[PDB]
Amino acid sequence: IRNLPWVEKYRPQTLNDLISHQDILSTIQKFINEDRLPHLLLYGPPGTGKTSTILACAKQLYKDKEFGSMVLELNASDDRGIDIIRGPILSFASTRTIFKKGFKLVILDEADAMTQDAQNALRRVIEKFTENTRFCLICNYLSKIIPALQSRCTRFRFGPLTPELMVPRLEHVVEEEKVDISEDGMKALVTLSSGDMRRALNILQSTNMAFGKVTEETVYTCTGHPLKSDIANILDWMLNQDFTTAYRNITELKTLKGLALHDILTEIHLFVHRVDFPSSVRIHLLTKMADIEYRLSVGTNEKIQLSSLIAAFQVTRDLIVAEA
Amino acid sequence: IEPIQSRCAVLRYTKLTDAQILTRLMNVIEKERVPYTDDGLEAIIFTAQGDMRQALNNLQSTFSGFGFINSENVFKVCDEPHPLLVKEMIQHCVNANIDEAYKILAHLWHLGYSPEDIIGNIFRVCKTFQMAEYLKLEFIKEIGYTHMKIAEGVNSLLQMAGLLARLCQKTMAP
Amino acid sequence: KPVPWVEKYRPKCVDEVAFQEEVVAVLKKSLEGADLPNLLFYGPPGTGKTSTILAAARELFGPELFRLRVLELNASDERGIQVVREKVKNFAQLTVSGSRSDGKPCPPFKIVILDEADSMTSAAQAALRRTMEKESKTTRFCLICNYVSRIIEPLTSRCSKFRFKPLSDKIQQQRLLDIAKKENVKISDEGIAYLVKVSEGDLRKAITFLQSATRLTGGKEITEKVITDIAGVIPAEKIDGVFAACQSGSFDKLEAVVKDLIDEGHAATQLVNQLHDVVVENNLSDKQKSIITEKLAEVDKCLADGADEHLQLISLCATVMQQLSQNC
Amino acid sequence: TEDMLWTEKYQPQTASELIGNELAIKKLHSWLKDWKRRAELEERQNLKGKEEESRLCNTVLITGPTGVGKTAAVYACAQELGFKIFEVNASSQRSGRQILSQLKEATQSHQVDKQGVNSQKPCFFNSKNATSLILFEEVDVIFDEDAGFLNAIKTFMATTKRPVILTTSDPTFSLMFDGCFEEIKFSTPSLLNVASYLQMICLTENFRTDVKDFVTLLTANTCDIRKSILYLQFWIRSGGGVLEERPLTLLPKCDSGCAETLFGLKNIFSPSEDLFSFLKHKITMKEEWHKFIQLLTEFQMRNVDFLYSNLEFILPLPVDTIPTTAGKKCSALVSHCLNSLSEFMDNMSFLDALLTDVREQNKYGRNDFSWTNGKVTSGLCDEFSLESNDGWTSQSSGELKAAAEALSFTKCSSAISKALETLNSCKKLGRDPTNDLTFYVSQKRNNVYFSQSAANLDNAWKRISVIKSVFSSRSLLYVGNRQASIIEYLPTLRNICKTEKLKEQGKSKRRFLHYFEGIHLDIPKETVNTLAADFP
Amino acid sequence: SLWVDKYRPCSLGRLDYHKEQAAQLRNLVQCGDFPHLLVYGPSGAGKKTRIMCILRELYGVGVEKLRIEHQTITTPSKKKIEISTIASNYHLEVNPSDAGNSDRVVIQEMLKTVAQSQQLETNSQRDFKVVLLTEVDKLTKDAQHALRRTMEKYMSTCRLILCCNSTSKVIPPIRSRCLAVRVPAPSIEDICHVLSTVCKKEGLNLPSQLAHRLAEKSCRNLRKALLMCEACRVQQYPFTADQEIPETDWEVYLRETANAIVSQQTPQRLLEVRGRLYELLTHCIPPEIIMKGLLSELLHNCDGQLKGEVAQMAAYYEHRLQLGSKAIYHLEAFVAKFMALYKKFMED
Amino acid sequence: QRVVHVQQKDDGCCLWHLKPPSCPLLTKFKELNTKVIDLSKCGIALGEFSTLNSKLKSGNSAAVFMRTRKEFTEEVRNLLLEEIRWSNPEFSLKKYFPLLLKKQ
Ligand SMILES: Nc1ncnc2c1ncn2[C@@H]1O[C@H](COP(=O)(O)OP(=O)(O)OP(O)(O)=S)[C@@H](O)[C@H]1O
Ligand SMILES: Nc1ncnc2c1ncn2[C@@H]1O[C@H](COP(=O)(O)OP(=O)(O)OP(O)(O)=S)[C@@H](O)[C@H]1O
Ligand SMILES: Nc1ncnc2c1ncn2[C@@H]1O[C@H](COP(=O)(O)OP(=O)(O)OP(O)(O)=S)[C@@H](O)[C@H]1O
Ligand SMILES: Nc1ncnc2c1ncn2[C@@H]1O[C@H](COP(=O)(O)OP(=O)(O)O)[C@@H](O)[C@H]1O
Ligand SMILES: [Mg+2]
Ligand SMILES: [Mg+2]
Ligand SMILES: [Mg+2]
C-alpha cells in the first residue's frame, strides 16, 4: 500500500510548528508581515529546519497556483558552475510575471556546493535585482560561501536541537504513532541523533519496523553503532590485560562486530573524559589517539595502528598502577 | 593569466586595519544616532576580519534586530563562537586545565559550530592572546597542524581534543 | 578471451555460497518476494560478498539482463562523490526493457553495487543519502564494505545489514584443491596449505596467486618458492636475521642485514608487517611491545607517505635494537 | 596632456632601439631584408618584361617569453624595411574560411596603393613600394570558433608569395606544428640591460632612480619588459615612492622604493617606516605584530617565503660577501647561536611539511629542479574550471603560516641577539668568534634589496639545459629511466668527457676526439665541452 | 651506443642470470592470458631489460623499432600539459609522475587514447597493447586510484607493466591486481660474469680481480658496473689488476659535504653546507639520494650509540622532506640538528 | 522495504555476551558539570581582540603629493648619464638616450 516516512509526515507546514528556534522564527515572521523580507542565509547542520522554514515562508507569501511560477527552487549539487546562475536563475530574476505583481523568491538549497565563480555571479544577480526577487540560500557550512555572497544576506544559524526541547515532540510523535519505547530508547535516540530531527525520526521509524520494540539494544543493533558494553570491554582489555591478550581479544571483537578502528577511537575518546583519569594520563591518551586517528586517514595497516592504540594505554597502565 | 597581467599595472589591496574600520564605523554611528558601547564596537570589529562591507552589514543587522550595540546583541546577530569562551578555553590550556578546556570545547561542539569555525576562532583569539612568545609559538604551531588535519579531511572532536591536549602538553613540557 | 579464475569460478546461483547461512536465507526470501531491499554486506575481504550479491542479481534477472540492469561502482573514486552521483543519476534516469523466456517478469527497479563503501567520508555519505532517498522505488543499492561502523547512521538505518564470516583454512584448502584438480595443475596438499596460510584467509588472493603460479610455472609443479615470491612475502630466515641483528647490538651488521633485504627486492611495508606479527606474538615485555609497536605504526605511516625504505627500516631497526638491548 | 601608454609612446621604431635578443633581431631583419630584395627584384623583372641556394623560406616563426619584444621587433623591422603588416590576432574571429577568403589576396596580389600613408599597418577583422607581410599573432591561441585555422595557415605555408611571420609564447608549439619555417628563439634579456633601459626612460621623465630598485622589480616580474614599463608609468606618474636624497658621484633627489610599492608593502607600512629597519628592530607593539603578520601574509599568497629567502640580511648576524672561562664563553655563544638557528630551521621545515600551503605546489609539473616537467599552457577554451575548491582554507592558511613564521623568526632573532650582546666580553678577551658567526652571501643575492629565491636559478636553468641536450641525442633518447639516467649515465659521460679532454690536451691522437663518433654518440660538441669542464 | 645500450639482451634466452625467472617469464606469455605486471626491485638489477625481453617475446621484432611522441592533455582546471612518450607499433612507454599532482590526468586520458588506438589498429598479432608505466612508486594516491580504475576499465584492450623500485608507496588495491615480478640485484659473481661476457665481445681481456673490484664497488648495480667498466676502458687500453676505478663526481661531492658538516659546527659552516646542498639540488640530484649518501658518510664518522639517534633523525627529516614541497628546508633542518647533536656529543 | 540486521552469532567465541567491567576505574565515572560562564556578564574592552588604541594618529597621513618635477638641466642630465654608465659599464647609453629624448 503506502508507508510514507515519518520525516515527511511530521513536517512543520506552518512556522509555528518549529520547536527549537524561536527568536529567529519571530524575527522571520516579523520580516514577513511588515513586508521587509531580506535575502536570507539559513545555515546549519542537517535536520534543523531550514527548508521547512523557507517552505512555510513561501506558503505564507505565495499561493498554490502561483507556487510554480513565482518561487524557483534549485539544488546547486545537480549542476554547479555559472551555467545555472547565468541561465535559469538570471532569467527568473530579470523577468516579470504578466499579471502577478510583487516579488519573486529563489530557494537555492545546498548553496555550499556552488563554485567560487558561480557565487561571484550569483552575488551580482542578487545586487542587480533586489526589488524584483529575494534570495534564500540554505547551506550547511558557511565556510564554503564567499563573504561577498554572505554579506548580501542576513545569516541565520539553525543550531542542533537541544534534547530538552527535542524530547517533547519525540514523545508527541511516539504517542501519535503508538510505539512501545522505553526511556533508554529515547536516550539512545537523542544521543545518536545529535540535534537532527530527520535523523531522529528516521532512526525511530526504522527501528520500529525492524523490531517493533525500540529499546537501547534495538536502536544500537538497528543503526549499526558500537555498543557501550563493547567499548567498555575494550577499555577493560587495554586497562587490565597484557599486550597479546588485549590484541587478540580486540581483533576478535572487531572481526565479530564489523568494527573499524576510527569508530573505536571515536567512542574511546568519549570514554576517556568520563573515566576518572589523571590529567597527565588524559593528555597523553588524547594526544596518542589523535595521532592514531590521523594515521588511519592515509592508507595504513589497521593491525599496526590497533597495536599502537593498545600501546597508548599500556604506556600509562603501569604508571597508573604504580601511582595508586 | 600572465599575458593579461603583463599588460596591466597590478595594485595590491591589503586588509583594512581595525582603526580604519573603527573610524568609518563611528562615522556611520554619528550619522545615524545609533546608541552603542565600546564592547559592541569591539565585537563588530572582531566579527569583520578586515571586511568593511561585513562590518557595515553587521552594524545594520544589529540595529535592525535590537537597536543597541553590545556584544550580546552583536554575537546574537552574527552567531559565531564567542571570543570570551575561546579566551577562557585558551586560558585553561595555558594553566594545563584539560578538563575545563574540554568542557568549553564540548559546549562549542554541542552548540553545532563547524570544526573550521572553531579552529579559526581559536587562531584569531590566540593571535591576540596575552602569553609568552615561545608559548604562543608552540600554540600557533599546534593550531596550524590541527588546521592542516581539518583541511585534509580528518575533522572530529577527537582531533580538537588532541589539539587541546597538545596545548596543555606545551605548558607542562619545557 | 580466457577469464580469471576468480570471475570464472564464483557461484552462479544463491545457496551455492558456502559457510553463509542467514545471509543466504534472507536473500532467498527476498528472491521469493522478488523485492530486494537496500543491502549492506560487511566482512573480511575475499569472503563471498560480491559473489552473493552477483548471484542474487543473476538469479533475480536473466543471464543476458544481469550485466545490463546492475552497475558496479567503486566508492573510492578520487574525484569526490559528485562524479559517482552523476553516474547513479544517469543510470537511474536511463531505462532499459527486460523480458525473460523462463516465464518470470523482471523487477521494475535496478541494482547499484557500491563497493568499498566504507572509504567514503561522512560528507560524501550524507550526499549519497539524498540520492538513495530520492530514487528509492526505482533503484536499490547494495553497499559492500568491511566495517559497518564506517557507514553513517542515516545510511545504516535504512539498509539491511549482513555480516560475512571467513571460511576456515580446511574449507579454503578444499576449494583450492578442487580448483587445481579442475584446471589440471600438479600441486600437493602442502603447497595448497602454504598458499592458504600466505593469503591469510583471503580466498580471492589465494585463487589469484594459484592462477598466477600456474601461468608462471609453465606446467610444472607448484613449489613453495614460487608461491613465496609471487605473494611478496619475505621468508622467515630474513626475519630471524633481522631480529638476531637487533639483539646483537651492532649497528653495522644491522645496516648489512637491512641493505641485504633492500637488495633482494623485498618491500619495507611487508617487512613491517612481518616484524609486527613477530613482535605482538612473542615473550617480550609490555613496555618493549608498546614502544616497538608505536614505532612500527609510525614507520608504516611514513612509508605510506612515500618515504625511502632504507632510512625508515634503519630507524625502526635501531629502535627495536635499543628496546631489545635495554634488558642487557 | 598625454593620451598614450608608455609602451606605445616609447615603442621602438628601429631594430637598433630594441633591448637584447640581438641575434634573433639580426636573423629576422636579414630574413625580411631578403624578402624585400626579392620583392624589389620582382618589380624590376616586371619593369623589364613590361631556390635551394637562396633557401629563403616563406615563413619565419618567432617564440619566446611574454613581453620580451617579439611583436615590437616585427613591427620595427617591417617599418624600417617598408613592409605593410596585415595582423591576425586572437582578438578577432579567425576561422579558416574567413582568414583564407579575406587575406590570401594580400599575399597573392599586388598592393593597389603602393605609395602614400600605406606604411601604416592595419589589422584584420570580420564581425616607395610597400610589400605585404602577414603577421599571425599568438598562433598558440586556438578556439573552437577558429575551426580549420591550422589547415588555413598550412594553406598559407603552401600558396603564399609574400612573407608570413608567426608570433607565439608557447615553447612547444614548434613541435606539434608540421611545416617548413625558419625558427627564431627570443631568450629572456639580461637584468642590467633592461634596468638601464628603464633608467633611461625614467631619466627622460626627469627622474633619478637607482639600479638596484629596478633590478629588484625586474627580477620580481621575471624581465617582462612591457609589465615593468607599465608599472613604471603608473609609479612615476603618481609621484614616486619616497623622498630620499642620495648623493653619489660614480643635484636632485633619488627615488628608491619602487619594489616595495610593487608588492604592496606600502599599503601596510607607514612612509617613515622601512622594511629592513622594521625587521631588524625588536617588535613589541600589537600594531607592529599586525603589520608583520600582514606583510608575511602578503608574501605567502605568492607562495614565497620572505624571511628564509633573505635570511642572512634580516638576521642580526654579520654578513660578508664571498671573494677555561674564556674558552667556555667563546664556545657557548656559538653553541647557543647554532641551537637557535637549528630551532628556526626545524620550525621552517615544520611549516613547509606539516602546514597547508594556500597554493597547491607541484600541481601541473613536479617539484622544482626537474627537466622532466614539460610545458604548462594556459586555457584555450571558454569553459570554467568546475571543480571543488576550498576558499576558507586558502584564506586562513596564509595567516596561519605567516603568524607561525613571524613567531619562529622573532624567537630565533631574540635568541641570537641575547646570545650576541655577550660577544663584547669575548672581544675584550682577545678572541674573535665573529669569523664563525658570519654569513657568506653570493653577489646575486647581494645586489638586490630582497630576494624571492635563495638559489641560483640561472645555474639551475643552465644545468637543466645541458641535461636536456645530453639526453636528446638519438642514442640516449630511448633510455627508459630518467633520474637513474642523470645518476648513472650522466656522471660516466662527464668522466668520459673529462678523460677525452685530458687526452686532447696531452697532444694524443685525434681519433680519440672521435670516440663519441666511434660509438656513434650524437652529443653536440658544445655539450661535450660543457661536460668535460668540471662538476661544480 | 654504450655496452649498457648495445649489448643489452633482447631475447629471454639471452639473459645470463635469473635463468629460472627468465624461463618463468617465457612461459608467462605462452598461455595468452598475459596480465598486468608489477616489476620491482633495486635500481639497475635488470628490470627494464626483462621488460624489453618480454615485449620482444610477446610481439614481433618491431617493438625494437622505437619512436618518441608528444601529447598535450587538458587538465580539469582547463590547463594544458605536454608530456613525452616512448612508443612503437605495439607498445607504449610513459613516466606519468612527470605531471606532478596532475599525473592522474595523464594516467587517464593517455590510456584511454591507447585503448582507442587498439580499437582502431588491427594486425591479428595480439589482442592487447602493453603500456609501460615507469616510476609507479612516485604516483600520488589519487593517481593510483585513477590507475586502479583505468586498469579495471581497459583491461581487455590494453595491458599494463608497472616498473617501480618500491612497492611500499604502491597502494594495496594496485598490488592485488598485477602479477608481482621481484627482480633482485645480481650477485658479485653474476656481475663479474656479465662484465667478462660484455668485455669479450670488444676483443678485450679484463682480469677477474678488476671485475671483482668493479662488482664490489658498484653495490650490486649491473648498469653502474658496466658503465664503470666503460670508463675504465676509456681510461686505459690494457686492464691492469690495480686499475683505478673512477668514483662518481656527485658522490665525492657529497663526501666532501659530509666532512664539511663533521669538521666544523658553526652557523657559517651551516650556510656553506646550505650552498653545497643548493648546488647539488640544481643538478637535479633527488633529495632522497642526497639524504642517503649524507647519512651514510655521517654514520661513517659517528660513534656507536650516536648512530641510532642520527639514523632516526635522518629518517624523520626524510619523511618531512617527502611531505614538504621545498625539500631544501628539511635537508638543512637535518644538517643543523645533526650539527647541534654532534657539538653536544663532543662537549662531554 | 523493511530493514534488518543479521549477525551470525557464534556462542563459542564468548565475545557476544559481554558484561560491564568490574574494575574501579570503569565503575566510578567522573562527572563533568557542563557549567560555563555567561557570555554577556564579563564584557569586552577596546583593543582586547584587535590592535585598536584609544589614541588615533592625525596629520601623519593623507599627504597629497602636488609634486612639480622640474625639468632636468643639461649638465645634471649628463652627470646622471655618466652615473648610470659607471653603474653599467657594458651598456650603450650614448646610442639610446638621445633617441629616447627624441621619443619624448
Ligand atoms: N524545528 C523542527 N521542528 C519540527 N520538526 C523538524 C524541525 N526541523 C526539522 N524537523 C523535521 O525534519 C524533517 C526534515 O527537516 P529539513 O528542514 O527538511 O532538514 P533541512 O533543514 O533542510 O537540513 P538540510 O541541510 O537541508 S539536509 C522535517 O520534515 C521535520 O519532520
Ligand atoms: N562462502 C563462499 N562461497 C563460495 N565462494 C566463496 C565464498 N567465499 C569466498 N568465495 C570465493 O572467493 C572469491 C572471492 O570472493 P568475492 O565474493 O568475489 O570477492 P569478495 O568476497 O567481495 O572480496 P572483496 O571484493 O575484495 S571485499 C570468489 O572466487 C568466490 O567464489
Ligand atoms: N626589447 C624591447 N625593447 C623595447 N621595448 C620593448 C621591448 N620588449 C617589449 N617592449 C615594449 O613592450 C610593448 C609590448 O611588447 P610586445 O612586443 O607586444 O611583447 P610580445 O613579445 O609580443 O609578447 P606577447 O605578445 O605579450 S606574448 C612594446 O610595444 C614596447 O613598448
Ligand atoms: N641478463 C643480462 N645479461 C647481460 N646484460 C644485462 C642483463 N641484464 C641487464 N643487463 C644490462 O644491464 C643494464 C640493466 O639496466 P636496466 O635494467 O635498464 O636498469 P633498471 O633495472 O633500473 O631499469 C642494461 O643496460 C643491460 O645492458
Ligand atoms: Mg532540505
Ligand atoms: Mg568485491
Ligand atoms: Mg605581441
# chains A, B, ... in the order shown; residues from 1 in each chain; ligands from 1

$ residues_near_ligand --ligand "ligand 2" --cutoff "7 Å" --atoms "only C-alpha atoms and all ligand atoms" --output "NGL selection string"
:C and (5-7 or 9-11 or 16-20 or 44-52 or 145-146 or 167 or 203-204 or 207)

$ write_last_selection --atoms "C-alpha atoms" --output "short mmCIF file (atom, residue, chain, number, x, y, z; two decimals), in the first residue's frame"
data_model
loop_
_atom_site.label_atom_id
_atom_site.label_comp_id
_atom_site.auth_asym_id
_atom_site.auth_seq_id
_atom_site.Cartn_x
_atom_site.Cartn_y
_atom_site.Cartn_z
CA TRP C 5 39.53 -17.97 -12.21
CA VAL C 6 38.14 -15.54 -9.61
CA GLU C 7 35.48 -14.47 -12.11
CA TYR C 9 34.54 -19.95 -10.54
CA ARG C 10 32.36 -17.69 -8.41
CA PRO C 11 28.98 -19.31 -7.64
CA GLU C 16 25.89 -22.08 -3.63
CA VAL C 17 27.67 -19.62 -1.31
CA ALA C 18 29.05 -21.91 1.39
CA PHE C 19 29.50 -21.03 5.09
CA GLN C 20 26.88 -18.24 4.91
CA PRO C 44 36.69 -9.57 5.65
CA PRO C 45 37.89 -9.36 2.03
CA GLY C 46 37.52 -12.46 -0.11
CA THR C 47 34.59 -13.86 1.89
CA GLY C 48 31.80 -14.07 -0.71
CA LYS C 49 30.15 -10.63 -0.58
CA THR C 50 30.44 -9.74 -4.28
CA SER C 51 29.70 -13.38 -5.11
CA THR C 52 26.48 -13.33 -3.07
CA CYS C 145 32.31 -2.80 2.85
CA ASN C 146 34.35 -4.47 5.57
CA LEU C 167 35.85 -19.65 5.86
CA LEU C 203 40.27 -16.76 -0.91
CA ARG C 204 40.41 -14.11 -3.65
CA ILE C 207 42.88 -18.04 -6.20
#

$ residues_around --residues "stretch 147-164 of chain A" --least-positions-apart "2" --cutoff "7 Å" --atoms "only C-alpha atoms" --output "list in words"
residues 20, 39, 40, 41, 42, 43, 44, 45, 48, 119, 123, 145, 166, 167, 190, 195 and 196 of chain A; 53, 54, 57, 78, 79, 111 and 112 of chain B

$ write_last_selection --atoms "N, CA, C and O atoms" --output "JSON list (two decimals), in the first residue's frame"
[["chain", "number", "residue", "atom", "x", "y", "z"],
["A", 20, "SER", "N", 12.55, 24.49, 18.21],
["A", 20, "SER", "CA", 13.74, 24.95, 18.92],
["A", 20, "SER", "C", 14.00, 26.44, 18.72],
["A", 20, "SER", "O", 14.05, 27.20, 19.69],
["A", 39, "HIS", "N", 17.20, 39.20, 1.85],
["A", 39, "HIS", "CA", 17.84, 37.97, 1.41],
["A", 39, "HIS", "C", 18.28, 37.18, 2.64],
["A", 39, "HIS", "O", 18.90, 37.73, 3.55],
["A", 40, "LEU", "N", 17.95, 35.89, 2.67],
["A", 40, "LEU", "CA", 18.21, 35.06, 3.83],
["A", 40, "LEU", "C", 19.35, 34.09, 3.55],
["A", 40, "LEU", "O", 19.56, 33.66, 2.42],
["A", 41, "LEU", "N", 20.08, 33.74, 4.61],
["A", 41, "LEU", "CA", 21.13, 32.72, 4.54],
["A", 41, "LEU", "C", 20.89, 31.79, 5.72],
["A", 41, "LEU", "O", 21.43, 32.00, 6.81],
["A", 42, "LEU", "N", 20.08, 30.77, 5.50],
["A", 42, "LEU", "CA", 19.77, 29.78, 6.53],
["A", 42, "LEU", "C", 20.85, 28.71, 6.49],
["A", 42, "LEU", "O", 20.98, 27.97, 5.50],
["A", 43, "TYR", "N", 21.65, 28.62, 7.55],
["A", 43, "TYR", "CA", 22.76, 27.68, 7.55],
["A", 43, "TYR", "C", 22.79, 26.90, 8.86],
["A", 43, "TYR", "O", 22.42, 27.40, 9.92],
["A", 44, "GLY", "N", 23.23, 25.65, 8.75],
["A", 44, "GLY", "CA", 23.39, 24.81, 9.91],
["A", 44, "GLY", "C", 23.47, 23.33, 9.58],
["A", 44, "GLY", "O", 23.44, 22.93, 8.42],
["A", 45, "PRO", "N", 23.55, 22.50, 10.62],
["A", 45, "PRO", "CA", 23.60, 21.05, 10.42],
["A", 45, "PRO", "C", 22.28, 20.53, 9.86],
["A", 45, "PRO", "O", 21.25, 21.20, 9.98],
["A", 48, "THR", "N", 17.73, 20.46, 10.90],
["A", 48, "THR", "CA", 17.44, 21.51, 11.87],
["A", 48, "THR", "C", 16.19, 22.32, 11.53],
["A", 48, "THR", "O", 15.61, 22.94, 12.43],
["A", 119, "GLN", "N", 29.28, 31.68, -7.43],
["A", 119, "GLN", "CA", 28.91, 32.56, -6.33],
["A", 119, "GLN", "C", 29.23, 34.01, -6.66],
["A", 119, "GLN", "O", 28.47, 34.92, -6.30],
["A", 123, "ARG", "N", 26.11, 36.67, -6.54],
["A", 123, "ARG", "CA", 26.07, 37.89, -5.74],
["A", 123, "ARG", "C", 25.68, 39.09, -6.59],
["A", 123, "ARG", "O", 24.91, 39.95, -6.14],
["A", 145, "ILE", "N", 30.99, 29.43, 1.51],
["A", 145, "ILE", "CA", 30.31, 30.52, 0.81],
["A", 145, "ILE", "C", 31.17, 31.76, 0.97],
["A", 145, "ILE", "O", 31.60, 32.07, 2.09],
["A", 166, "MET", "N", 13.78, 18.75, 22.19],
["A", 166, "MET", "CA", 13.58, 17.71, 21.19],
["A", 166, "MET", "C", 12.79, 16.52, 21.74],
["A", 166, "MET", "O", 12.05, 15.87, 21.00],
["A", 167, "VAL", "N", 12.94, 16.24, 23.04],
["A", 167, "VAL", "CA", 12.19, 15.15, 23.67],
["A", 167, "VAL", "C", 10.67, 15.35, 23.64],
["A", 167, "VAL", "O", 9.96, 14.37, 23.36],
["A", 190, "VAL", "N", 18.00, 10.40, 21.21],
["A", 190, "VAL", "CA", 18.53, 11.76, 21.30],
["A", 190, "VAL", "C", 20.05, 11.77, 21.43],
["A", 190, "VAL", "O", 20.67, 12.82, 21.27],
["A", 195, "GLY", "N", 21.13, 16.35, 17.62],
["A", 195, "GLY", "CA", 20.46, 17.54, 17.13],
["A", 195, "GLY", "C", 20.10, 17.43, 15.66],
["A", 195, "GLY", "O", 20.54, 18.25, 14.84],
["A", 196, "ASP", "N", 19.29, 16.43, 15.33],
["A", 196, "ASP", "CA", 18.91, 16.17, 13.94],
["A", 196, "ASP", "C", 17.55, 15.48, 14.00],
["A", 196, "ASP", "O", 17.46, 14.30, 14.33],
["B", 53, "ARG", "N", 32.49, 45.91, 4.35],
["B", 53, "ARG", "CA", 31.14, 45.52, 3.98],
["B", 53, "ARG", "C", 30.51, 44.63, 5.04],
["B", 53, "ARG", "O", 29.34, 44.81, 5.41],
["B", 54, "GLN", "N", 31.29, 43.69, 5.58],
["B", 54, "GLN", "CA", 30.81, 42.84, 6.67],
["B", 54, "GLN", "C", 30.57, 43.65, 7.94],
["B", 54, "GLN", "O", 29.61, 43.38, 8.66],
["B", 57, "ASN", "N", 27.33, 45.62, 7.37],
["B", 57, "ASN", "CA", 26.21, 44.70, 7.40],
["B", 57, "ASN", "C", 25.90, 44.23, 8.81],
["B", 57, "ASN", "O", 24.73, 44.15, 9.21],
["B", 78, "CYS", "N", 25.37, 37.80, 14.65],
["B", 78, "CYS", "CA", 26.32, 37.10, 13.79],
["B", 78, "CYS", "C", 26.35, 35.60, 14.07],
["B", 78, "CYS", "O", 26.52, 34.81, 13.15],
["B", 79, "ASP", "N", 26.20, 35.22, 15.34],
["B", 79, "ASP", "CA", 26.19, 33.83, 15.79],
["B", 79, "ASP", "C", 27.49, 33.11, 15.42],
["B", 79, "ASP", "O", 27.50, 32.11, 14.69],
["B", 111, "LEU", "N", 26.98, 23.04, 20.64],
["B", 111, "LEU", "CA", 26.28, 24.15, 20.03],
["B", 111, "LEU", "C", 26.23, 24.05, 18.51],
["B", 111, "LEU", "O", 25.48, 24.80, 17.89],
["B", 112, "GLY", "N", 27.01, 23.16, 17.91],
["B", 112, "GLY", "CA", 26.91, 22.87, 16.50],
["B", 112, "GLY", "C", 27.87, 23.60, 15.59],
["B", 112, "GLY", "O", 27.70, 23.52, 14.37]]

$ select_by_dssp --residues "stretch 56-272 of chain E" --states "strand (DSSP E)" --output "PyMOL selection string"
chain E and resi 67-74+80-87+91-94+129-134+158-164+179-182

$ write_last_selection --atoms "C-alpha atoms" --output "mmCIF file, in the first residue's frame"
data_model
loop_
_atom_site.group_PDB
_atom_site.id
_atom_site.type_symbol
_atom_site.label_atom_id
_atom_site.label_comp_id
_atom_site.auth_asym_id
_atom_site.auth_seq_id
_atom_site.Cartn_x
_atom_site.Cartn_y
_atom_site.Cartn_z
ATOM 1 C CA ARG E 67 59.991 6.499 -31.774
ATOM 2 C CA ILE E 68 59.081 9.399 -29.500
ATOM 3 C CA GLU E 69 55.745 11.216 -29.445
ATOM 4 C CA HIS E 70 54.468 14.263 -27.564
ATOM 5 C CA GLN E 71 50.908 14.524 -26.253
ATOM 6 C CA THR E 72 49.124 17.595 -24.890
ATOM 7 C CA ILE E 73 46.424 16.786 -22.328
ATOM 8 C CA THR E 74 43.848 19.166 -20.841
ATOM 9 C CA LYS E 80 47.229 22.046 -20.933
ATOM 10 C CA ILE E 81 50.208 19.852 -20.006
ATOM 11 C CA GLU E 82 52.537 18.372 -22.632
ATOM 12 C CA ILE E 83 54.279 15.063 -21.933
ATOM 13 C CA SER E 84 56.657 12.762 -23.807
ATOM 14 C CA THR E 85 56.087 9.101 -24.626
ATOM 15 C CA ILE E 86 58.326 6.355 -25.979
ATOM 16 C CA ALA E 87 56.214 4.445 -28.488
ATOM 17 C CA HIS E 91 53.672 -0.840 -27.106
ATOM 18 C CA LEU E 92 53.770 2.436 -25.192
ATOM 19 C CA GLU E 93 56.067 3.837 -22.514
ATOM 20 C CA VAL E 94 55.474 6.849 -20.265
ATOM 21 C CA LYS E 129 48.906 -3.241 -26.461
ATOM 22 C CA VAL E 130 51.280 -3.066 -23.490
ATOM 23 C CA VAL E 131 51.940 0.325 -21.881
ATOM 24 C CA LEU E 132 54.996 0.711 -19.634
ATOM 25 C CA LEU E 133 54.378 2.960 -16.626
ATOM 26 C CA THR E 134 57.766 3.992 -15.263
ATOM 27 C CA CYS E 158 45.413 -2.839 -23.281
ATOM 28 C CA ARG E 159 47.832 -4.306 -20.741
ATOM 29 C CA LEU E 160 49.997 -2.583 -18.151
ATOM 30 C CA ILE E 161 53.524 -3.170 -16.876
ATOM 31 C CA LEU E 162 54.313 -1.149 -13.743
ATOM 32 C CA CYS E 163 58.069 -0.711 -13.299
ATOM 33 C CA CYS E 164 58.968 0.610 -9.847
ATOM 34 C CA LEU E 179 51.357 -10.248 -11.070
ATOM 35 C CA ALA E 180 54.407 -9.419 -8.952
ATOM 36 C CA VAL E 181 57.833 -9.839 -10.576
ATOM 37 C CA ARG E 182 60.568 -9.370 -7.990
#

$ residues_around --residues "residue A:84" --least-positions-apart "4" --cutoff "12 Å" --atoms "only C-alpha atoms" --output "JSON, numbers by chain"
{"A": [73, 74, 75, 76, 77, 78, 79, 80, 88, 89, 90, 91, 92, 108, 114, 115, 117, 118, 119, 121, 122, 125]}

$ residues_near_ligand --ligand "ligand 1" --cutoff "10 Å" --atoms "only C-alpha atoms and all ligand atoms" --output "ChimeraX atom specification"
/A:5-13,15-22,25,42-55,109-111,138-141,158-161,165-166,169-170,195-202 /C:126-127,129-130

$ residues_around --residues "residue E:58" --least-positions-apart "2" --cutoff "8 Å" --atoms "only C-alpha atoms" --output "VMD selection string"
chain E and resid 29 54 to 56 60 126

$ write_last_selection --atoms "N, CA, C and O atoms" --output "compact mmCIF listing (two decimals), in the first residue's frame"
# COMPACT_ATOMS: atom_id res chain seq x y z
N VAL E 29 54.03 -15.79 -21.18
CA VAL E 29 53.36 -15.31 -22.38
C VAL E 29 52.77 -16.43 -23.23
O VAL E 29 52.01 -16.15 -24.17
N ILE E 54 60.43 -9.46 -22.46
CA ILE E 54 59.04 -9.93 -22.50
C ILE E 54 58.29 -9.28 -23.66
O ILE E 54 57.48 -9.93 -24.33
N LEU E 55 58.56 -8.00 -23.93
CA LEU E 55 57.89 -7.32 -25.04
C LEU E 55 58.33 -7.89 -26.39
O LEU E 55 57.52 -7.97 -27.32
N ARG E 56 59.61 -8.25 -26.51
CA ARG E 56 60.08 -8.91 -27.73
C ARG E 56 59.46 -10.29 -27.89
O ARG E 56 59.13 -10.71 -29.00
N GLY E 60 56.36 -9.15 -32.36
CA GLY E 60 57.48 -9.46 -33.22
C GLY E 60 58.73 -8.69 -32.83
O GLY E 60 58.91 -8.29 -31.68
N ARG E 126 48.36 -9.68 -31.61
CA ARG E 126 47.98 -9.80 -30.21
C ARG E 126 46.76 -8.93 -29.95
O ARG E 126 46.54 -7.92 -30.63

$ interface_residues --of "chain D" --to "chain C" --cutoff "12 Å" --atoms "only C-alpha atoms" --output "PyMOL selection string"
chain D and resi 353+386-389
